Amino acid sequence: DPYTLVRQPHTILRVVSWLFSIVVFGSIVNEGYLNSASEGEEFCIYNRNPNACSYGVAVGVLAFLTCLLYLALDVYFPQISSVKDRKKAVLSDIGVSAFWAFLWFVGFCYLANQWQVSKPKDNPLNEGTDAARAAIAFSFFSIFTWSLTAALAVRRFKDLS
């Protein structure tokens, strides 16, 4: 039912992941790994630490960009007179949302794995620093919210189809 998807938690998930993407990006910046990644020095640009974080930055800042724009679309979702055109909008966004699950999975793994390289792998990821752990945690949290949208790729689509 098109007229129930107007209150679909999907929109909420966009807001949640929108914020989470800010937290991850910001946390990485707070650590200073973004600056290190941009640093052309061969001991920083080839350093795996900031490079792993730069993957978090990639998906972080672009998720902010994408989700922000996606939320703007939701504003006018119920303003669409054609249910078919609504399906087009959902299909277009939700396909990327499913891809975000992949993208954040990869970025997350870079953060988690690189931590196990630089720090004792016998210890859990929660033995890292405040912001570093925030980036990892909220990256994982993002994956959850994106995996929900991956399911909605069928739910919402068929409810409009």
# chains A, B, ... in the order shown; residues from 1 in each chain; ligands from 1
call {"tool": "residues_around", "arguments": {"residues": "residue 27 in chain A", "least_positions_apart": "3", "cutoff": "12 Å", "atoms": "only C-alpha atoms", "output": "ChimeraX atom specification"}}
result
/A:20-24,30-34,53-54,56-57,60-61,129-139
call {"tool": "write_last_selection", "arguments": {"atoms": "C-alpha atoms", "output": "CSV table (one decimal), in the first residue's frame"}}
result
chain,number,residue,atom,x,y,z
A,20,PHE,CA,25.8,7.6,12.0
A,21,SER,CA,27.7,8.5,8.9
A,22,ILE,CA,28.5,11.9,10.4
A,23,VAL,CA,29.6,10.3,13.6
A,24,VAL,CA,32.0,7.9,11.8
A,30,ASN,CA,38.9,13.6,15.5
A,31,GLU,CA,41.6,10.9,15.5
A,32,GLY,CA,43.3,12.8,12.6
A,33,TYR,CA,43.5,9.9,10.3
A,34,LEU,CA,41.9,11.9,7.5
A,53,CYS,CA,40.1,4.9,8.0
A,54,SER,CA,40.0,6.6,4.6
A,56,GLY,CA,35.5,4.8,6.5
A,57,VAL,CA,35.7,8.4,5.4
A,60,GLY,CA,30.9,8.1,5.8
A,61,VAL,CA,31.0,11.4,3.9
A,129,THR,CA,40.5,4.8,21.6
A,130,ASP,CA,37.2,6.7,22.0
A,131,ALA,CA,36.7,8.1,18.5
A,132,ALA,CA,38.4,5.1,16.8
A,133,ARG,CA,35.9,2.8,18.6
A,134,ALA,CA,33.0,5.2,17.7
A,135,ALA,CA,33.9,4.9,14.0
A,136,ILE,CA,34.0,1.1,14.2
A,137,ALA,CA,30.8,0.8,16.3
A,138,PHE,CA,28.7,3.2,14.3
A,139,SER,CA,30.0,1.6,11.1
call {"tool": "select_by_dssp", "arguments": {"residues": "range 19-156 of chain A", "states": "helix (DSSP H, G or I)", "output": "PyMOL selection string"}}
result
chain A and resi 19-31+33-38+48-75+83-118+125-127+130-156
call {"tool": "residues_around", "arguments": {"residues": "range 151-161 of chain A", "least_positions_apart": "5", "cutoff": "6 Å", "atoms": "only C-alpha atoms", "output": "ChimeraX atom specification"}}
result
/A:1-2,87,94
call {"tool": "closest_residue", "arguments": {"among": "A:63, A:89, A:28, A:106", "to": "residue 50 in chain A", "atoms": "only C-alpha atoms"}}
result
A:28
call {"tool": "closest_atom_pairs", "arguments": {"of": "range 97-135 of chain A", "to": "range 43-49 of chain A", "cutoff": "12 Å", "atoms": "only C-alpha atoms", "output": "CSV"}}
result
residue,atom,partner,partner_atom,distance
A:110,CA,A:49,CA,9.1
A:111,CA,A:49,CA,8.3
A:112,CA,A:49,CA,10.7
A:113,CA,A:49,CA,10.1
A:114,CA,A:49,CA,6.5
A:115,CA,A:49,CA,8.0
A:116,CA,A:49,CA,10.8
A:117,CA,A:49,CA,9.1
A:118,CA,A:49,CA,7.9
A:119,CA,A:49,CA,10.9
A:132,CA,A:49,CA,10.8
call {"tool": "closest_residue", "arguments": {"among": "A:6, A:148, A:101, A:29", "to": "residue 77 in chain A", "atoms": "only C-alpha atoms"}}
result
A:6
